[PDB]
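Here's the structure we're looking at; comments come further down.
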Amino acid sequence: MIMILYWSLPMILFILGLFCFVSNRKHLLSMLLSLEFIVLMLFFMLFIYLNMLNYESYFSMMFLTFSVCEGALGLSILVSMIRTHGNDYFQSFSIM
Amino acid sequence: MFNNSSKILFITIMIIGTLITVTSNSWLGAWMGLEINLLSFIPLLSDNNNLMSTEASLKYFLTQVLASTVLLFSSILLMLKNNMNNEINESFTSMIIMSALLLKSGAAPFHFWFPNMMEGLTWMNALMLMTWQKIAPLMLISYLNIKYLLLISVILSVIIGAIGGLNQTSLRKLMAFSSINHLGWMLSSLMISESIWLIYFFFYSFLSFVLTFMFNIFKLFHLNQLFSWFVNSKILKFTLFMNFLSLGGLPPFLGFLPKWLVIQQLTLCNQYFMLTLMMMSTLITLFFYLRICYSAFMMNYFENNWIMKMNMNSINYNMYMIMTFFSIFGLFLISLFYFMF
Amino acid sequence: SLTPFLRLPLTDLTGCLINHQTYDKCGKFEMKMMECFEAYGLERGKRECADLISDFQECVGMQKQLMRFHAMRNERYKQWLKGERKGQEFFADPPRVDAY
Amino acid sequence: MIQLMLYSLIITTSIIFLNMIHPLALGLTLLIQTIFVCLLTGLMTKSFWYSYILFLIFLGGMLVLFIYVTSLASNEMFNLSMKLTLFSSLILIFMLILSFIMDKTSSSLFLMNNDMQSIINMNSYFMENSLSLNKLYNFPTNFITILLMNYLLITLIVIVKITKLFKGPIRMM
Amino acid sequence: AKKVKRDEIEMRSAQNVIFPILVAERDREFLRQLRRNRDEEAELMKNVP
Amino acid sequence: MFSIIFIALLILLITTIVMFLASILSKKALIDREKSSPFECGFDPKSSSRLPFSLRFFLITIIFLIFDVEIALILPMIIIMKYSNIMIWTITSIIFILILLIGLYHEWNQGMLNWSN
Amino acid sequence: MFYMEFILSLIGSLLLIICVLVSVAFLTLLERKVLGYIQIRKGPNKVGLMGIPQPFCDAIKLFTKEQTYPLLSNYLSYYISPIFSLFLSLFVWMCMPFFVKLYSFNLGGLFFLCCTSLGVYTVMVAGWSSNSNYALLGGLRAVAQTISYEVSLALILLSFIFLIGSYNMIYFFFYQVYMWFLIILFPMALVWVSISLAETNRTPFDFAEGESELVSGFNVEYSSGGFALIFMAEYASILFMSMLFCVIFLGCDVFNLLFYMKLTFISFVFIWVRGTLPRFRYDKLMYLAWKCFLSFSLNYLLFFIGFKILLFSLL
Amino acid sequence: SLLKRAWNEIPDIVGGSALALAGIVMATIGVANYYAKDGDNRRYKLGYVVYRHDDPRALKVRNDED
Amino acid sequence: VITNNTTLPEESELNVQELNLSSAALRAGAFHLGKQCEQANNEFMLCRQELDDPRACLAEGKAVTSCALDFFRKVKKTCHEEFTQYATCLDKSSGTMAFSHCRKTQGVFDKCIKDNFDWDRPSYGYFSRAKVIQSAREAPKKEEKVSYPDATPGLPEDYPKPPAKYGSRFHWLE
Ligand SMILES: COC1=C(OC)C(=O)C(C/C=C(\C)CC/C=C(\C)CC/C=C(\C)CC/C=C(\C)CC/C=C(\C)CC/C=C(/C)CC/C=C(\C)CC/C=C(\C)CCC=C(C)C)=C(C)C1=O
């Protein structure tokens, strides 16, 4: 099928990104590491679709701007994490 | 909008973010508005005086980031096969979009994060989360037309939303499970129309807007505090708590009219079996509301006696009393409303 | 394309985000189709736009042609692996570079 | 041809990335992949302008998280996994073998490279990225860029307020 | 800036005298190829259902 | 590209050979428990280097991520000046650089650009 | 024909590689002689004939000297970091404009930005891999350098780019045919050299090495093989960045001989400055980039956006 | 005063903003001058542009000398 | 997409004498060549834009190539030596085949062609301008508007709106 010969690989890569975002690693940063991994794969598919259009790749910039802000915001929340808990370990948070 | 000029901004940018989503004529445009909305809420939500608040700022962020990420994943996939923002005949690719949106709003199967982040929010924060943040997600689900997936969330929402709430004593955590149930009614109202949903949402926000103030004005966070709460006229305290009954949708009060119009339309559309599970499950929701009214309906209590006085903010209380008055006598104004016909 | 319920002035902001109307092989194909959606509305348009949607999708998505192409290649390989072809004459003469 | 080998490597590096635990091991895996994805994207496009931008953008994020990794997760451990090295090396050669015996006219992506375009296409004889990036700064889509600007500036107000610089440095107490 | 533009326009003007020539050539060979492909398709798949 | 990748590999091979010569050409002597000890001015070290190293430019560190992503939006300017509407291009570009300056001066005046103190 | 074409491209890169690798050896001698004459010293004068074979006389030692295997270092990372430091130094040369084509490189200006940023990881990884207190301080002193110069670097490149119309470096030749952009861009030339120093981590911005603050910075735990490549990779950066100053502000007549008389002179300037200025203070640089340079660079984008617009109307 | 303090403390932002202010001014001259010449209609066109004698655009052909 | 019923011209018709003349040789005569075959070029290029069917412009294309081949026969007859020197220079002077380098040899040719055929080199920007012609094809594309008589009708503003019968008609007329 068309979807299997052309769009399978990025999707299989995407789900592997999510399975990193949920696996049990001690440090919160392990979530941030896997966060921009997924974003890297989202860019890849979005770039497939935008190129089916002849001239629409400019929207890649729009996507990248929101990619950094969620990473940048994701990093700020970690900073605020440290200065109330002292450490970023997942097991240090109240389970609720 | 409580402390500094900065809080004023984040509130507005939240409004802009939500509006961009619900006014967008394409999935990609809609997704952008969600990102705008995301960072407008977190700074409002994070305060370092509380060890709990920063934890709340986390669980929301990880959940919402995943939701928008998976949401964008499917939207790209959706128009990779159809080449349109719309799918002619709904299929799996459209289901995936629905799953993300439900998690974005904390519907039943993916609600877990939602109560578990309510421990560390101020009351004014919970209102923004409970009411406004549910606009953009639920409003996009109106575009998608999958029945069984949406139908399953309703059945689980009313059930999990009710049974879970019986065991809580923290009002903030209790209202979360209460809000999950009202969310179930919306999604049921969303497979039939939107004008009902728009009406029903406005009333739901109205009641929650009221109950939040009463706790917010008197800083109550636990059931025991209700019994210890001091009021000059036990008649006054008795009447303030009569808003819970409206939140329970009892017909003598305004809070039933929303439930009522959702049944006159679901029944018109032959969804009889759904209403049985929903309306029946609402009783359990009505139950723990009465557990709160134990502190009002009985009206002579053993209370601590180092308080003789009520210290309350005027403007909040001034607006709260006005809102409460309609919440008890708002039924006879159904004549005026012309949005149901 | 989706229809916002709100349709406040904000929709003007993001309306023209992604389109096919800028120098595209399918610019005319989509304008007809989407026009027909505007004439009949969205829900009824999905039942009157059978040709326009299929043509537009076969102009952008191109699945209909790519999925012809593999049938030719696979059927070329199937013949050879069955011995029906030969190694010397496996492919036809290539096109000229200065073409297409 | 290298496109298929790029497919193999991006798959291979993703398998191991699922198994990294040490944050820097994750980072090295991610950095390597950011190279390949950047390379791969430019194959199926009229220019590599976006690969340059994407590469530049992520490298900014690469440095910053090392600074925080070296402050938060400084003391952690690696473990060479003989299961992993064999598994990746086993499939990697296996995948590389296929790419040599693949009908790699069929595997090529249908997206039109610049040369894949016709000779008659008059719009393909301008500067490499003129038209594509054009309407990023023309009516009406320009307002989207403007909307980002506030969004980025408003973000810049969010970090300082979340961060609360004055109440000290950051240490992994 | 004038001199660079002067030179550029001269280079571009040379294209417009050559560009029509190539298009004439390509069409007369683009068409010829299409016949061969329409004929290769016939032979390749005689026995397909 | 494909030319550059080949030379990229060829260079990497060449530079790799250089130490592979150095590793053999290097004089070889028995390694001592002290020869491989770290250098910290001749006195044994108190603290591993893998302890948490405090940070003071964390705030700038985040601002650096942002400011780059606006470099993605100024760079295309030149390329599309001959091809764009001059009012839209002129107006938008200016209100792009004013926004950046205003943001910078705002934080500079608020003292966020200064390090943690 | 075409098959032959890429063969020549290989030869050019190899020819450019060996020539650059040789020059950085002789640059190090030049650094010692010139820095030995600004100081009233004589400089290397004995070895061989008049000191010319001095740098070769040192390349012998740094390779007949044993590798160091630090006890507490992740050896594989510690062992590989020198390779990529040298590779990235040589690799960035493939974009240097030639009228006798070597590589097309439309968007060559960006390719500069990508490659130069990569040079920080090699320092960064080497310092952390060494697992010594000083080495780590050197690495994190280098990263903070990037946070400063990186953003201002792009903006200042953008100003030059507006003048030429494209990111292809070849166009610098045509526009610098009557005069030199140095005249139009005098403060940027002066600023650009300042940022160029940060790129190569030189005095007054010598923080990665950090000599006399850190014992030897991130190099403190390297020896014969690894340290040599770190050194060569350092001076390859100077040589290129000096050339990149000659193509931007000084004519860019790559095929003329004088261009190489100019190239060495800017190399002399880099040594000249090292013998004049004391090192900045680790924070004063980061404040300098954000407080002054970034604001400065943005101000002229308006000046050149207006000037290009005004010039566009006339032409 | 104010002018003095900045001119003494941060002279670059004053000089830099002085040229920045120059950009806006002579950008406002050039942009107005551009539509004072009808520069949208450019005598040299990218690509091979051919009009019919009856097309409305055929009237607006900018007639120049070289 | 091509099927049997789609009509492509037979192979013999597409055959026609071709230039087969390298790039540098073409760029040499560009300015003098352009002034001659402009009538054919514009006629050919005009149809190709309005009408995007390659087989439709088949007749015009043969005119364009014939004019090009016609021009070089003249050059072959007279300035053969000069043209080769100009082309050789233009080819071997830079990697772009820019005119800015070979101005000298160019002059030699321009004087040969203006002494043998009294032609003039057009100004540098002559061919970059918009070229308006008298369409000999005489079939400018038509204009039409689609018609949907079955469109979803709406309530027209002229429609009168009397009071509702018994009002809301809800439950107890409220
Ligand atoms: C007392 O107060 C003072 C201080 O306080 C302590 C100071 O710190 C200082 C500090 C001084 C400085 C920082 C000065 C700058 C110097 C340094 C940072 C380091 C010192 C080293 C140098 C100057 C030497 C420069 C060169 C290197 C380090 C090596 C670089 C690599 C090189 C040259 C190899 C290049 C590669 C090539 C292929 C070139 C061609 C061929 C060869 C080399 C091959 C050689 C031989 C063979 C292959 C053998 C073949 C044989 C056969 C076939 C038979 C001063 C001055 C001071 O006064």
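To be explicit about the labels: the chains of the structure tokens are called A, B, and onward in the order shown, and within each one the residues are counted from 1, while ligands get numbers from 1 in the order they are shown.
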Stretch 155-170 of chain I surroundings by only C-alpha atoms, 12 Å radius, close-in-sequence under 4 positions cut, as JSON, numbers by chain: {"B": [261, 264, 334, 335, 336, 337, 338, 339, 340, 341], "I": [174]}
Dump as an mmCIF file, in the first residue's frame, selection limited to N, CA and C atoms:
data_model
loop_
_atom_site.group_PDB
_atom_site.id
_atom_site.type_symbol
_atom_site.label_atom_id
_atom_site.label_comp_id
_atom_site.auth_asym_id
_atom_site.auth_seq_id
_atom_site.Cartn_x
_atom_site.Cartn_y
_atom_site.Cartn_z
ATOM 1 N N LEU B 261 -33.296 20.288 29.364
ATOM 2 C CA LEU B 261 -33.229 20.456 27.919
ATOM 3 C C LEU B 261 -32.365 19.396 27.262
ATOM 4 N N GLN B 264 -34.953 16.467 26.919
ATOM 5 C CA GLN B 264 -35.988 16.702 25.926
ATOM 6 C C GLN B 264 -35.457 16.563 24.510
ATOM 7 N N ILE B 334 -37.174 30.996 32.603
ATOM 8 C CA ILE B 334 -37.138 30.199 31.382
ATOM 9 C C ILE B 334 -38.036 30.802 30.321
ATOM 10 N N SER B 335 -39.120 31.458 30.733
ATOM 11 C CA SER B 335 -39.969 32.156 29.779
ATOM 12 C C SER B 335 -39.148 33.101 28.914
ATOM 13 N N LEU B 336 -38.247 33.862 29.537
ATOM 14 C CA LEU B 336 -37.464 34.832 28.782
ATOM 15 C C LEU B 336 -36.552 34.157 27.769
ATOM 16 N N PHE B 337 -35.876 33.083 28.163
ATOM 17 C CA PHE B 337 -34.886 32.471 27.287
ATOM 18 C C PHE B 337 -35.541 31.987 26.003
ATOM 19 N N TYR B 338 -34.935 32.339 24.871
ATOM 20 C CA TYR B 338 -35.468 32.002 23.560
ATOM 21 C C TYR B 338 -34.433 31.260 22.734
ATOM 22 N N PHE B 339 -33.480 30.611 23.397
ATOM 23 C CA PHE B 339 -32.409 29.903 22.718
ATOM 24 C C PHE B 339 -32.686 28.417 22.560
ATOM 25 N N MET B 340 -33.790 27.915 23.113
ATOM 26 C CA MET B 340 -34.148 26.508 22.996
ATOM 27 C C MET B 340 -35.137 26.226 21.876
ATOM 28 N N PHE B 341 -35.784 27.253 21.336
ATOM 29 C CA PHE B 341 -36.874 27.056 20.393
ATOM 30 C C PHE B 341 -36.402 27.259 18.958
ATOM 31 N N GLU I 174 -44.498 28.684 27.179
ATOM 32 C CA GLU I 174 -43.448 29.524 27.721
ATOM 33 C C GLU I 174 -42.120 29.144 27.087
#
Show me which residues line ligand 1, defined as having an atom within 9 Å of a ligand atom where only C-alpha atoms and all ligand atoms count, and present them as an NGL selection string. :G and (18 or 21-29 or 31-32 or 35-36 or 54-62 or 211-212 or 227-233 or 235)
Compare D:121, D:93, D:111, D:163 by their minimum atom-to-atom distance to chain I, counting only C-alpha atoms, and give me the closest one.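 The closest residue to chain I is D:121.
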Using only C-alpha atoms, find which residues of chain H lie within 10 Å of chain F and jot them down as a list in words. residues 20, 23, 24, 27, 28, 31, 32, 34, 35, 39, 40 and 46 of chain H
Emit the selected residues as a CSV table (one decimal), in the first residue's frame, including C-alpha atoms.
chain,number,residue,atom,x,y,z
H,20,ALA,CA,18.0,52.7,13.9
H,23,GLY,CA,16.3,53.3,9.2
H,24,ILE,CA,12.7,54.0,9.8
H,27,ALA,CA,12.5,53.5,4.9
H,28,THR,CA,9.5,55.8,5.0
H,31,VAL,CA,8.5,53.1,0.5
H,32,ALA,CA,6.5,56.2,-0.4
H,34,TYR,CA,8.2,53.3,-4.5
H,35,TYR,CA,4.5,53.9,-5.0
H,39,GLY,CA,7.1,50.3,-8.9
H,40,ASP,CA,4.8,47.4,-8.7
H,46,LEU,CA,11.1,37.2,-14.1
Name the residues in contact with residue I:15 at a cut-off of 10 Å, using only C-alpha atoms, excluding same-chain residues fewer than 5 positions from it; report them as an MDAnalysis selection string. (chainID E and resid 28:29 32) or (chainID I and resid 10 62)
If you count only C-alpha atoms, which residues fall within 8 Å of stretch 25-29 of chain D, apart from same-chain ones fewer than 6 positions away, as a ChimeraX atom specification? /A:30,33 /D:13,16-17,62,78
Set the distance at 10 Å and use only C-alpha atoms: which residues neighbour residue I:20 once local chain neighbours fewer than 6 positions away are removed? I'd like the list as a VMD selection string. (chain E and resid 25) or (chain I and resid 26 69)
Do you know which residues are at most 10 Å from residue H:63 counting only C-alpha atoms, after dropping those on the same chain fewer than 4 positions away, and could you put them as a list in words? residues 42 and 43 of chain H; 129 of chain I
Could the residues in this selection be saved with C-alpha atoms as a PDB file, in the first residue's frame?
ATOM      1  CA  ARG H  42       8.481  46.540 -13.108  1.00  0.00           C
ATOM      2  CA  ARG H  43      10.043  46.924 -16.533  1.00  0.00           C
TER       3      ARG H  43
ATOM      4  CA  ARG I 129      10.478  43.075 -20.653  1.00  0.00           C
TER       5      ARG I 129
END
